[PDB]
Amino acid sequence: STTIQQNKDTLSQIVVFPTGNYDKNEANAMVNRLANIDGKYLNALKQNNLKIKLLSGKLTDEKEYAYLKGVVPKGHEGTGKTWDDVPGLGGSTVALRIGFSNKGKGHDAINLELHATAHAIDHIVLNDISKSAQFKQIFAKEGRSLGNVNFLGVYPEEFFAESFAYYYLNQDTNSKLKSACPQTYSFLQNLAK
């Protein structure tokens, strides 16, 4: 409850809200779900001046993402979707469309903001640990146990981000990850120490 508030205070320095009209209550709900991430990661994001940009429209309508217009994201071959239609982005930056958090809202991630932010944690905070030898061994055994095996089972950085999201979204998804991917669950458990 207190670390939740502390994480929300940290996020107030990371989250950028869009200009103009947007769904405020849902924006706050997205931040609330982000607050479940271990505070150690959020503070690292804050130190690197990583911004979580909440958007009222397409990602590609932002100047910094205009170069991705018409670009098919990694692993989206055959989906017919380009970055113009994708509601979330993570890595060196984080950009998220308000209202698209839940699985099925233009994506099949367990939660949009946690998945995208996990990428930034992976890349900025953990220096691409998803591509380390340790995790690749785990990814080789369990990367196909969370569905979407041609995306999660193929890219370790995506399996990491999606497992991270399962681990921190809520208690139900946390239990599901443990049963499905016990070595990944333990990996993320140790990472947070």
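Numbers follow the displayed sequence, beginning with 1.
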property: Between the two ranges 1-9 and 184-192, the one averaging a larger CA B factor in the entry; result: 1-9
property: Comparing 159-167 with 22-30, the one whose average Cα B-factor in the PDB entry is higher; result: 22-30
property: C-alpha B-factor winner, where the candidates are 90, 80, 73, 106; result: 80
property: Top residue by Cα temperature factor, when 60, 130, 56, 137 are compared in the entry; result: 137
property: Chain third (lowest, middle, highest) by recorded CA B-factor, residue given as residue 42; result: lowest
property: Among modelled residues of the same chain, the CA temperature factor third for residue 154; result: highest
property: For residue 177, the third of its chain into which the C-alpha B factor falls; result: middle
property: Position of residue 118 among the chain's modelled residues by C-alpha B-factor, lowest, middle or highest third; result: lowest
